[PDB]
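What follows is a set of notes on a single structure, which appears directly below.
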Amino acid sequence: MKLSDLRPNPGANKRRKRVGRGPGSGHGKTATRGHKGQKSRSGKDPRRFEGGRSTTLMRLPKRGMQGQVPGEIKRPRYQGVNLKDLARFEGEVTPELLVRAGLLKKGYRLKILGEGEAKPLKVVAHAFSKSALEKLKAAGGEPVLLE
Amino acid sequence: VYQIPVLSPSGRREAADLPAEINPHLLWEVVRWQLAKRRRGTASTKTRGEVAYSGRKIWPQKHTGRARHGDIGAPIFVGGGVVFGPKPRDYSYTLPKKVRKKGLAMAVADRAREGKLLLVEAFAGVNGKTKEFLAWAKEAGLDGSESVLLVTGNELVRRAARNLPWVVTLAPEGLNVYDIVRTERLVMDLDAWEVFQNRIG
Amino acid sequence: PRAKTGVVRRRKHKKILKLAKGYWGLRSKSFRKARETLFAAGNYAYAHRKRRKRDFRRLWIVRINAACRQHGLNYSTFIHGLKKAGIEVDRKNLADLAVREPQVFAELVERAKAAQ
Amino acid sequence: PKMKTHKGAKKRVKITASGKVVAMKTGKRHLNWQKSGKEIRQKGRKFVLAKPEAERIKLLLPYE
RNA sequence: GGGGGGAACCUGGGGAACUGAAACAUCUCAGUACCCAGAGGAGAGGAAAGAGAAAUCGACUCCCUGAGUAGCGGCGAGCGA
RNA sequence: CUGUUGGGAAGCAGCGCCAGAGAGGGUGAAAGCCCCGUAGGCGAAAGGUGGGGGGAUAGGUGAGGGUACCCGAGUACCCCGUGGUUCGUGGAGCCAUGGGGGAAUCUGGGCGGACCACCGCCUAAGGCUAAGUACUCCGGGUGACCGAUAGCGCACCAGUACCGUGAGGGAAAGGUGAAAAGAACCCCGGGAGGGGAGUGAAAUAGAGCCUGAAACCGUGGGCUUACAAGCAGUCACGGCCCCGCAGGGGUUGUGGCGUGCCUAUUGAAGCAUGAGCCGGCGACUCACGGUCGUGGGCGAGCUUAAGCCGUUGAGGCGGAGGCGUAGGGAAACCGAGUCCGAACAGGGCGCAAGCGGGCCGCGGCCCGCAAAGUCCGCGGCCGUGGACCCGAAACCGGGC
RNA sequence: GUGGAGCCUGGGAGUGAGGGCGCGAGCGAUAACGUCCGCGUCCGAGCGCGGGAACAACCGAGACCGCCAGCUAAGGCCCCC
RNA sequence: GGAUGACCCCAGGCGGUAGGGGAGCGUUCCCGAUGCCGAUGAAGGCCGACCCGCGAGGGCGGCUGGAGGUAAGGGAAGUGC
RNA sequence: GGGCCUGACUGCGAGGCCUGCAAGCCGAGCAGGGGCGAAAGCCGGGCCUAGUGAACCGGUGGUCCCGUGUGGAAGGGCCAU
């Protein structure tokens, strides 16, 4: 395997579409922009703009709390993980040991959740849902609850 | 698991565990990334506001019978700036470590799969001098009919091999798929062979 | 890097200009002028190719018709005669006959009055 | 430079779990006497925006 | 001792409009362009009457992130810790 | 080094050699070994630097008890007018302060987003402080940078010529050859120029100089043309010239046919736009985001950023962080559910995982194959920037 | 009824000045190469080809290329032809 | 049919502006390159009635030119008037 | 024409009309609590099709959902208007 062999698979590299470069191309003259009018010009935001009529968005009404200065309130937050996700572990499970595993995102208080089979496991968590608690306290799990 | 010709004074002798199949595309994606990140990207041009001329309307919008123009920096002028000309950029991008890891892996694998790989215990009487290296390479089946990536942390051996045209030298932390693919024959230390396997662990 | 026009344009221009040798004045001197004649030359050669097939047939039919009124009957009759006869010698060759081999044509004329 | 989330959207719309765009029914912010309780009751419900326009609003929210 | 000069770079004292908002005045462009004064090989900042919720941190600058988050906003365009 | 072809060898051939140096450039062409170099190494009396080494000096250092002396004033603080911050008057604090009022010295004061109470934080109204940062006139190094319409405006005696009263504007213009060997002398000529001679490998390399395209102008040759009607061509046949020896090439007498190109348009040969002709320059890009598609990597996971180390076209480390793994709700919250509701009706928005093949006494659960996802490459499109290129009338600032 | 039919999901569009003709109406004057709708068509994009003297849209006919072969459409068959 | 782009047979489609898509050509530059072509002549220029390709083009030959050129396969754009 | 009455209900809403969007329109049925009826049953305004106004910004009532270190409070949210 030398240099002249190194080749990218079919369609791994593909030609650009070069417009405005002669009739046979496609693609020439107008350059796929049709005839006249802004959009053919060099240069309006079509996600929002709608022609001077009141937009689709701006006629919808606002909902709920927008928050005000000095902005967002620090309260604790809870990420759930599902009993099924607890599957790969043996012995004791903490939030710490959940993060460093990529199940529980950092700075999130841990809340065990229902979906899945309770494993007879010591699980240390900031919170348990109902059917999570029952399930565990029935497969012989040990639901330590910290603060 | 590959049987690799090691080279000791105490006999030739043969075990590797290197990738089974070789992805050529993956090999390619690394090189590309290797040759792309080393780009200078010092190609530049001047926009029409970067061009040294004024911005005075050379002649009236109307009634001259000449066409309409603003300043002469307009790219439409021979004086003018270039339109979408090169600006210094950075062709570097971050190739997924795994891919790098697999390429080194697959690059060496391919080569070994061709009995072009040769590990050595040490380097006979090479103590710096280029002829000293010649000697040794001859005794090892390295006549310069084939081109060699010679990988060793041994400063002295690299110095001896360096000025050869058919040799590309390299400390082991420097191993890389391109310098492998360039060269016909890979030749390494045990001591380099280790760091190599450590790179792919 | 920069890819200046360099060599390309001149060459595409000569190609056309060589294709335009013969034409009157600028049509054979000016590239642009060359291109415009060649476009026209283009369609004409197509259009007249198709047309050449029907220029010769009209001629054959003229030539035959004359030879036919020598033996006392008209092209339209005669042709009807052939079809009835079951003679399908194309009128390219009908023509040739009428001018190279009078006798055979004269044979063909009789089979034609015959089958009528 | 990175897109900015349209706050005007963010503040009157939620993208669902399956990718639909949901908003409050219009029609009850005032002028509400003389409207049936049927009307009012229903206008209290979140609805799903026709697909053509759901897609646009979805591009105003690139970081949801 | 000062005075004057110096391509940019810096701090300060002043400070637009085109334009964007498919009009426009709040908004935007922007504390940008520019004018002025001063500094220097850098300049500014700098040892908490700080941060803000952790029984926390511990000067200032600068980079990545936080984050187009919090919020700001004819809750428009947009602005943005 | 030698031969060899050549004007010239570094080409080709024979036999050698150096290499910590086979980067590059010169030499009559194509040189490791001829030249300048290159790897590796050495070097300053003088001046500058000296953030590294050392030396010195300034300067610096406790505990309890008691006293209540001091702890930065037109300040803090409050009100009025503003500015800064994400904060546009907003529930508007905080920081700065033009106006008015105007304290206290630790049981003092400011702050933690109006205010209050707790609980905490910090000590305003004096000042200095390296480094990490920005820039690039200047030196050097390197380019998937340009190569004389390019690249700076300037490769050249260019901020010049020239233009403008001035601020200010602002060009064009590079090449004989290896070596001037730059063409003695003679001949036509007032000169210019030219013919010989001479130099040269080459002189349509002769200085108005490498290559020497096209428009354009001539000369000579072939075919053709003075009863002919035209977007100039095409088809056919014919004659004359040419190359050759069933064929080609050139031309065109006659016959058929035939409304330029572009643009703009319902519609253009159009008496609608643009174009004298030729040459050169000229317009869908890039960055960061986004969204599909796609080639790959890995997959309940995937990926690093800045940095650090290494390299001197070698890569590695760095898990901060981001995206994914759960949703629903304005939110508290609850959670495979959740919101509305009195509901254990009804409804909105959510929730179900692959395909195997086998071992074993029905899946126990392996094992493979595939995939959520994600990372990079590629491409299409979108956002933000001048965003395909050229063009206003104008607005504003500072100058003349 | 297997067709460049159809339905579903997504990427990319252009288009949003039409026009003539037949027919149905409104307007107009049982005017206009008029105007405004409906059904259809063709030009647009078939100013390619035959007819119609000429001639986008009337008749005929949807041109991948070549042929000095044949049948035809509309239209024609006195000479131009 | 064969066994997956290898060709053969048979049938059908192949007017076309905006426009969508697909396959190519050529220009500059990088890897390939301490290589290969090169004074027994590079690039470039002028010819050609010759070869290959549907085509863009690519060869081959002659003249000029006198020092460069740059493959198979890939990469990147100041890429075709 | 009269009797009693407040269904000119509050939770919802299978399924449809219409429709580019946004809206507009019809609605049987389950639950709460009622009206009239002996009952079957009917009643979620008016014989029907016009009598209307998207968001933003505010006012009032309720709710007690957030409340910037904590308890409150300021201010917002939700339901109604």
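Letters A, B, ... mark the chains of the structure tokens in the order given; residue numbers begin at 1 per chain; ligand numbers begin at 1, in order shown.
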
Can you tell me, as a ChimeraX atom specification, what residues are no more than 7 Å from segment 53-61 of chain C when counting only C-alpha atoms (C1' of nucleotides), ignoring any on the same chain fewer than 4 positions away?
-> /C:65,91-92,95 /G:68

Which polymer residues have any atom within 10 Å of an atom of segment 10-15 of chain H, counting only C-alpha atoms (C1' of nucleotides), with same-chain residues fewer than 4 positions away left out, as a ChimeraX atom specification?
-> /G:4,45-46,48,62-64

Closest atom pairs, chain C residues within 12 Å of chain B, only C-alpha atoms, as CSV:
residue,atom,partner,partner_atom,distance
C:1,CA,B:43,CA,7.1
C:2,CA,B:85,CA,8.7
C:3,CA,B:85,CA,11.4

Those same residues - C-alpha atoms - I'd like them written as a PDB file, in the first residue's frame.
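Okay, result-v6.pdb is ready:
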ATOM      1  CA  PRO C   1      -3.266  29.527  -6.043  1.00  0.00           C
ATOM      2  CA  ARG C   2      -4.360  31.379  -9.155  1.00  0.00           C
ATOM      3  CA  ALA C   3      -5.287  29.839 -12.476  1.00  0.00           C
TER       4      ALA C   3
END

Residues near residue 40 of chain H, cut-off 12 Å, only C-alpha atoms (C1' of nucleotides), skip fewer than 4 positions along chain, as a PDB file with N, CA, C and O atoms (P, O5', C5', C4', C3', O3' and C1' of nucleotides), in the first residue's frame:
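New file selection18.pdb:
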ATOM      1  P     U F   5      32.405  12.324 -29.702  1.00  0.00           P
ATOM      2  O5'   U F   5      30.983  13.043 -29.655  1.00  0.00           O
ATOM      3  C5'   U F   5      29.829  12.404 -30.188  1.00  0.00           C
ATOM      4  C4'   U F   5      28.553  13.113 -29.796  1.00  0.00           C
ATOM      5  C3'   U F   5      28.498  14.612 -30.038  1.00  0.00           C
ATOM      6  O3'   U F   5      28.312  14.978 -31.390  1.00  0.00           O
ATOM      7  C1'   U F   5      27.609  14.141 -27.922  1.00  0.00           C
ATOM      8  P     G F   6      29.016  16.313 -31.933  1.00  0.00           P
ATOM      9  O5'   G F   6      28.496  17.435 -30.927  1.00  0.00           O
ATOM     10  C5'   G F   6      27.211  18.011 -31.090  1.00  0.00           C
ATOM     11  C4'   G F   6      26.875  18.950 -29.966  1.00  0.00           C
ATOM     12  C3'   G F   6      27.670  20.243 -29.916  1.00  0.00           C
ATOM     13  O3'   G F   6      27.216  21.222 -30.829  1.00  0.00           O
ATOM     14  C1'   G F   6      27.675  19.278 -27.782  1.00  0.00           C
ATOM     15  P     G F  11      25.434  14.659 -15.150  1.00  0.00           P
ATOM     16  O5'   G F  11      24.582  14.669 -16.507  1.00  0.00           O
ATOM     17  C5'   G F  11      23.163  14.746 -16.481  1.00  0.00           C
ATOM     18  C4'   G F  11      22.579  14.578 -17.860  1.00  0.00           C
ATOM     19  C3'   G F  11      22.791  13.212 -18.509  1.00  0.00           C
ATOM     20  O3'   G F  11      21.774  12.293 -18.180  1.00  0.00           O
ATOM     21  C1'   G F  11      23.469  14.918 -20.006  1.00  0.00           C
ATOM     22  P     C F  12      22.137  10.949 -17.388  1.00  0.00           P
ATOM     23  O5'   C F  12      22.824  10.057 -18.514  1.00  0.00           O
ATOM     24  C5'   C F  12      22.087   9.628 -19.646  1.00  0.00           C
ATOM     25  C4'   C F  12      22.991   9.072 -20.714  1.00  0.00           C
ATOM     26  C3'   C F  12      24.019   8.055 -20.254  1.00  0.00           C
ATOM     27  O3'   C F  12      23.486   6.759 -20.073  1.00  0.00           O
ATOM     28  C1'   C F  12      25.084   9.647 -21.594  1.00  0.00           C
TER      29        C F  12
END

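In this structure, the chain F residues at most 10 Å away from chain C are residues 144, 145, 146, 150, 213, 214, 215, 231, 232, 233, 234, 235, 236, 250, 251, 256, 257, 258, 260, 261, 277, 278, 279, 280 and 281 of chain F, with only C-alpha atoms (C1' of nucleotides) considered.
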
Find the residues around segment 27-29 of chain E up to 12 Å (only C-alpha atoms (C1' of nucleotides) counted), leave out those fewer than 3 positions away in its own chain, and share them as a PDB file with N, CA, C and O atoms (P, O5', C5', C4', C3', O3' and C1' of nucleotides), in the first residue's frame.
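out33.pdb, written as the output of this step:
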ATOM      1  P     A E  16     -22.875  61.086  18.838  1.00  0.00           P
ATOM      2  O5'   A E  16     -22.581  60.040  17.685  1.00  0.00           O
ATOM      3  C5'   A E  16     -23.483  59.887  16.611  1.00  0.00           C
ATOM      4  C4'   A E  16     -23.095  60.758  15.448  1.00  0.00           C
ATOM      5  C3'   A E  16     -23.784  60.428  14.135  1.00  0.00           C
ATOM      6  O3'   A E  16     -25.057  61.045  14.017  1.00  0.00           O
ATOM      7  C1'   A E  16     -21.442  60.593  13.782  1.00  0.00           C
ATOM      8  P     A E  17     -26.390  60.142  14.042  1.00  0.00           P
ATOM      9  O5'   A E  17     -26.537  59.678  12.536  1.00  0.00           O
ATOM     10  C5'   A E  17     -26.751  60.630  11.512  1.00  0.00           C
ATOM     11  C4'   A E  17     -26.069  60.208  10.250  1.00  0.00           C
ATOM     12  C3'   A E  17     -26.602  58.947   9.619  1.00  0.00           C
ATOM     13  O3'   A E  17     -27.813  59.125   8.925  1.00  0.00           O
ATOM     14  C1'   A E  17     -24.280  58.820   9.671  1.00  0.00           C
ATOM     15  P     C E  18     -28.788  57.871   8.779  1.00  0.00           P
ATOM     16  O5'   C E  18     -28.174  57.099   7.524  1.00  0.00           O
ATOM     17  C5'   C E  18     -27.951  57.777   6.293  1.00  0.00           C
ATOM     18  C4'   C E  18     -27.037  56.995   5.393  1.00  0.00           C
ATOM     19  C3'   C E  18     -27.531  55.624   4.998  1.00  0.00           C
ATOM     20  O3'   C E  18     -28.487  55.665   3.952  1.00  0.00           O
ATOM     21  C1'   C E  18     -25.277  55.472   5.660  1.00  0.00           C
ATOM     22  P     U E  19     -29.929  54.984   4.157  1.00  0.00           P
ATOM     23  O5'   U E  19     -29.544  53.513   4.625  1.00  0.00           O
ATOM     24  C5'   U E  19     -28.640  52.720   3.891  1.00  0.00           C
ATOM     25  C4'   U E  19     -28.080  51.627   4.748  1.00  0.00           C
ATOM     26  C3'   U E  19     -29.097  50.680   5.351  1.00  0.00           C
ATOM     27  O3'   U E  19     -29.542  49.706   4.433  1.00  0.00           O
ATOM     28  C1'   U E  19     -27.516  51.291   6.993  1.00  0.00           C
ATOM     29  P     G E  20     -31.033  49.117   4.550  1.00  0.00           P
ATOM     30  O5'   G E  20     -31.032  48.411   5.990  1.00  0.00           O
ATOM     31  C5'   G E  20     -30.346  47.186   6.199  1.00  0.00           C
ATOM     32  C4'   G E  20     -30.668  46.591   7.545  1.00  0.00           C
ATOM     33  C3'   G E  20     -32.124  46.597   7.941  1.00  0.00           C
ATOM     34  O3'   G E  20     -32.864  45.583   7.316  1.00  0.00           O
ATOM     35  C1'   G E  20     -30.844  47.324   9.767  1.00  0.00           C
ATOM     36  P     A E  21     -34.339  45.901   6.812  1.00  0.00           P
ATOM     37  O5'   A E  21     -35.147  46.085   8.173  1.00  0.00           O
ATOM     38  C5'   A E  21     -35.191  45.058   9.158  1.00  0.00           C
ATOM     39  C4'   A E  21     -35.662  45.606  10.479  1.00  0.00           C
ATOM     40  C3'   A E  21     -37.127  46.020  10.536  1.00  0.00           C
ATOM     41  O3'   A E  21     -37.997  44.923  10.827  1.00  0.00           O
ATOM     42  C1'   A E  21     -35.714  47.692  11.542  1.00  0.00           C
ATOM     43  P     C E  24     -36.538  53.915   6.932  1.00  0.00           P
ATOM     44  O5'   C E  24     -37.343  54.637   8.093  1.00  0.00           O
ATOM     45  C5'   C E  24     -37.756  55.988   7.962  1.00  0.00           C
ATOM     46  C4'   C E  24     -38.407  56.486   9.231  1.00  0.00           C
ATOM     47  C3'   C E  24     -37.533  56.431  10.478  1.00  0.00           C
ATOM     48  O3'   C E  24     -36.779  57.612  10.659  1.00  0.00           O
ATOM     49  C1'   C E  24     -39.629  55.390  10.919  1.00  0.00           C
ATOM     50  P     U E  32     -15.755  52.583  20.080  1.00  0.00           P
ATOM     51  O5'   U E  32     -15.453  52.161  18.567  1.00  0.00           O
ATOM     52  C5'   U E  32     -15.690  50.843  18.103  1.00  0.00           C
ATOM     53  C4'   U E  32     -16.177  50.844  16.669  1.00  0.00           C
ATOM     54  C3'   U E  32     -15.535  51.869  15.734  1.00  0.00           C
ATOM     55  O3'   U E  32     -14.320  51.411  15.165  1.00  0.00           O
ATOM     56  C1'   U E  32     -17.894  51.939  15.501  1.00  0.00           C
ATOM     57  P     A E  33     -13.056  52.394  15.069  1.00  0.00           P
ATOM     58  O5'   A E  33     -13.490  53.428  13.918  1.00  0.00           O
ATOM     59  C5'   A E  33     -13.827  52.968  12.614  1.00  0.00           C
ATOM     60  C4'   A E  33     -14.275  54.095  11.711  1.00  0.00           C
ATOM     61  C3'   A E  33     -13.409  55.335  11.711  1.00  0.00           C
ATOM     62  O3'   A E  33     -12.253  55.198  10.904  1.00  0.00           O
ATOM     63  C1'   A E  33     -15.707  55.944  11.772  1.00  0.00           C
ATOM     64  P     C E  72     -35.479  40.676  31.159  1.00  0.00           P
ATOM     65  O5'   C E  72     -34.463  41.446  30.212  1.00  0.00           O
ATOM     66  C5'   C E  72     -33.596  42.449  30.715  1.00  0.00           C
ATOM     67  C4'   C E  72     -32.975  43.216  29.587  1.00  0.00           C
ATOM     68  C3'   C E  72     -33.965  43.882  28.641  1.00  0.00           C
ATOM     69  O3'   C E  72     -34.345  45.175  29.071  1.00  0.00           O
ATOM     70  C1'   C E  72     -32.350  42.654  27.395  1.00  0.00           C
ATOM     71  P     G E  73     -35.865  45.646  28.897  1.00  0.00           P
ATOM     72  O5'   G E  73     -36.095  45.498  27.321  1.00  0.00           O
ATOM     73  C5'   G E  73     -35.477  46.395  26.409  1.00  0.00           C
ATOM     74  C4'   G E  73     -35.693  46.001  24.962  1.00  0.00           C
ATOM     75  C3'   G E  73     -37.122  45.896  24.493  1.00  0.00           C
ATOM     76  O3'   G E  73     -37.703  47.162  24.264  1.00  0.00           O
ATOM     77  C1'   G E  73     -35.749  44.191  23.504  1.00  0.00           C
ATOM     78  P     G E  74     -39.294  47.338  24.363  1.00  0.00           P
ATOM     79  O5'   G E  74     -39.752  47.003  22.885  1.00  0.00           O
ATOM     80  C5'   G E  74     -39.393  47.853  21.813  1.00  0.00           C
ATOM     81  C4'   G E  74     -40.580  48.632  21.327  1.00  0.00           C
ATOM     82  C3'   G E  74     -41.747  47.805  20.834  1.00  0.00           C
ATOM     83  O3'   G E  74     -42.550  47.314  21.881  1.00  0.00           O
ATOM     84  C1'   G E  74     -41.313  49.560  19.318  1.00  0.00           C
ATOM     85  P     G E  76     -42.212  40.344  19.977  1.00  0.00           P
ATOM     86  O5'   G E  76     -41.205  41.334  19.259  1.00  0.00           O
ATOM     87  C5'   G E  76     -40.406  40.894  18.179  1.00  0.00           C
ATOM     88  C4'   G E  76     -40.317  41.950  17.115  1.00  0.00           C
ATOM     89  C3'   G E  76     -39.051  41.955  16.295  1.00  0.00           C
ATOM     90  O3'   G E  76     -39.059  40.967  15.304  1.00  0.00           O
ATOM     91  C1'   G E  76     -39.655  44.169  16.884  1.00  0.00           C
ATOM     92  P     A E  77     -37.870  39.920  15.249  1.00  0.00           P
ATOM     93  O5'   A E  77     -36.691  40.788  14.591  1.00  0.00           O
ATOM     94  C5'   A E  77     -36.752  41.181  13.217  1.00  0.00           C
ATOM     95  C4'   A E  77     -35.813  42.321  12.902  1.00  0.00           C
ATOM     96  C3'   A E  77     -34.362  42.117  13.310  1.00  0.00           C
ATOM     97  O3'   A E  77     -33.612  41.375  12.364  1.00  0.00           O
ATOM     98  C1'   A E  77     -35.095  44.214  14.083  1.00  0.00           C
ATOM     99  P     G E  78     -32.884  40.010  12.813  1.00  0.00           P
ATOM    100  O5'   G E  78     -32.062  40.449  14.110  1.00  0.00           O
ATOM    101  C5'   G E  78     -30.910  41.276  14.016  1.00  0.00           C
ATOM    102  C4'   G E  78     -30.887  42.315  15.109  1.00  0.00           C
ATOM    103  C3'   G E  78     -29.930  42.071  16.264  1.00  0.00           C
ATOM    104  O3'   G E  78     -28.589  42.416  15.956  1.00  0.00           O
ATOM    105  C1'   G E  78     -32.022  42.722  17.110  1.00  0.00           C
ATOM    106  P     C E  79     -27.359  41.666  16.690  1.00  0.00           P
ATOM    107  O5'   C E  79     -27.412  42.254  18.171  1.00  0.00           O
ATOM    108  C5'   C E  79     -27.356  43.651  18.417  1.00  0.00           C
ATOM    109  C4'   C E  79     -27.415  43.938  19.888  1.00  0.00           C
ATOM    110  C3'   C E  79     -26.472  43.121  20.737  1.00  0.00           C
ATOM    111  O3'   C E  79     -25.171  43.638  20.748  1.00  0.00           O
ATOM    112  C1'   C E  79     -28.611  43.036  21.699  1.00  0.00           C
TER     113        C E  79
ATOM    114  P     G F  88     -31.345  49.979  30.417  1.00  0.00           P
ATOM    115  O5'   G F  88     -32.244  50.557  29.237  1.00  0.00           O
ATOM    116  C5'   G F  88     -32.827  51.852  29.302  1.00  0.00           C
ATOM    117  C4'   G F  88     -34.017  51.961  28.371  1.00  0.00           C
ATOM    118  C3'   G F  88     -35.240  51.121  28.777  1.00  0.00           C
ATOM    119  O3'   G F  88     -36.419  51.735  28.278  1.00  0.00           O
ATOM    120  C1'   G F  88     -34.537  50.450  26.661  1.00  0.00           C
TER     121        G F  88
END

Write out as an MDAnalysis selection string each polymer residue whose atoms come within 12 Å of residue 61 of chain I, counting only C-alpha atoms (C1' of nucleotides); drop sequence neighbours fewer than 6 positions from it.
-> chainID I and resid 79:81

Let me see the file: selected residues, N, CA, C and O atoms (P, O5', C5', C4', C3', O3' and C1' of nucleotides), as a PDB file, in the first residue's frame.
ATOM      1  P     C I  79     -53.957  30.045  31.171  1.00  0.00           P
ATOM      2  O5'   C I  79     -55.089  30.053  32.276  1.00  0.00           O
ATOM      3  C5'   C I  79     -55.737  28.869  32.700  1.00  0.00           C
ATOM      4  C4'   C I  79     -56.971  29.220  33.477  1.00  0.00           C
ATOM      5  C3'   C I  79     -57.835  30.288  32.841  1.00  0.00           C
ATOM      6  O3'   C I  79     -58.668  29.792  31.817  1.00  0.00           O
ATOM      7  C1'   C I  79     -57.479  30.851  35.092  1.00  0.00           C
ATOM      8  P     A I  80     -59.120  30.750  30.608  1.00  0.00           P
ATOM      9  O5'   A I  80     -59.974  31.879  31.338  1.00  0.00           O
ATOM     10  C5'   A I  80     -61.303  31.625  31.733  1.00  0.00           C
ATOM     11  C4'   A I  80     -61.846  32.716  32.618  1.00  0.00           C
ATOM     12  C3'   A I  80     -62.087  34.056  31.968  1.00  0.00           C
ATOM     13  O3'   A I  80     -63.238  34.079  31.156  1.00  0.00           O
ATOM     14  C1'   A I  80     -61.080  34.386  34.056  1.00  0.00           C
ATOM     15  P     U I  81     -63.116  34.504  29.615  1.00  0.00           P
ATOM     16  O5'   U I  81     -63.202  36.094  29.674  1.00  0.00           O
ATOM     17  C5'   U I  81     -64.343  36.743  30.198  1.00  0.00           C
ATOM     18  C4'   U I  81     -63.982  38.065  30.808  1.00  0.00           C
ATOM     19  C3'   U I  81     -63.403  39.096  29.856  1.00  0.00           C
ATOM     20  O3'   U I  81     -64.381  39.751  29.063  1.00  0.00           O
ATOM     21  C1'   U I  81     -62.079  39.004  31.798  1.00  0.00           C
TER      22        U I  81
END

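The nearest approach to residue 24 of chain H among the residues H:80, H:44, H:55, H:68, with only C-alpha atoms (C1' of nucleotides) taken into account, belongs to H:55.
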
For residue 19 of chain H: contacts at 12 Å, only C-alpha atoms (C1' of nucleotides), fewer than 4 positions along chain excluded, given as an NGL selection string = (:A and (26-28 or 30-35)) or (:G and (12-15 or 45))

Taking only C-alpha atoms (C1' of nucleotides) into account, what are the residues of chain I at most 12 Å from chain A, put as a ChimeraX atom specification?
-> /I:20-23,54-56,65-69,75-78

Neighbour list for residue 63 of chain H as a PyMOL selection string, cut-off 12 Å, only C-alpha atoms (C1' of nucleotides), skip fewer than 5 positions in-chain = chain H and resi 45-48

What is the distance between atom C1' of residue 331 of chain F and atom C1' of residue 91 of chain F, in Å to one decimal?
-> 19.4 Å

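Residues from chain D that have an atom within 10 Å of chain F, counting only C-alpha atoms (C1' of nucleotides), are residues 1, 2, 3, 4, 16, 17, 18, 20, 22, 44, 45, 46, 47, 48, 59, 60, 61, 62 and 63 of chain D.
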
Restricted to C-alpha atoms, what would the selected residues look like written as a short mmCIF file (atom, residue, chain, number, x, y, z; two decimals), in the first residue's frame?
data_model
loop_
_atom_site.label_atom_id
_atom_site.label_comp_id
_atom_site.auth_asym_id
_atom_site.auth_seq_id
_atom_site.Cartn_x
_atom_site.Cartn_y
_atom_site.Cartn_z
CA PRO D 1 -20.65 33.52 13.93
CA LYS D 2 -23.07 31.13 15.57
CA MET D 3 -26.83 31.56 15.01
CA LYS D 4 -28.82 33.32 17.69
CA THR D 16 -41.85 18.43 20.98
CA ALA D 17 -40.11 15.16 21.58
CA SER D 18 -40.98 13.88 18.12
CA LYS D 20 -43.52 18.90 16.02
CA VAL D 22 -46.57 23.36 19.51
CA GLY D 44 -56.99 26.89 26.07
CA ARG D 45 -55.35 23.98 24.32
CA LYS D 46 -51.86 23.72 22.83
CA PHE D 47 -52.01 22.81 19.13
CA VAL D 48 -49.74 21.56 16.41
CA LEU D 59 -34.62 26.65 12.33
CA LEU D 60 -34.97 29.69 14.55
CA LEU D 61 -34.35 27.32 17.43
CA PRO D 62 -31.02 25.71 16.61
CA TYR D 63 -30.14 24.98 20.20
#

Would you return as JSON, numbers by chain the members of segment 11-184 of chain B that DSSP assigns to helix (DSSP H, G or I) on this structure's backbone?
-> {"B": [24, 25, 26, 27, 28, 29, 30, 31, 32, 33, 34, 35, 36, 37, 97, 98, 99, 100, 101, 102, 103, 104, 105, 106, 107, 108, 109, 110, 111, 112, 130, 131, 132, 133, 134, 135, 136, 137, 138, 155, 156, 157, 158, 159, 160, 161, 162, 172, 173, 174, 177, 178, 179, 180, 181, 182]}

Write down, as an NGL selection string, each residue of chain H that has any atom within 9 Å of an atom of chain A, counting only C-alpha atoms (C1' of nucleotides).
-> :H and (18-19 or 31-32 or 72-74 or 80-81)
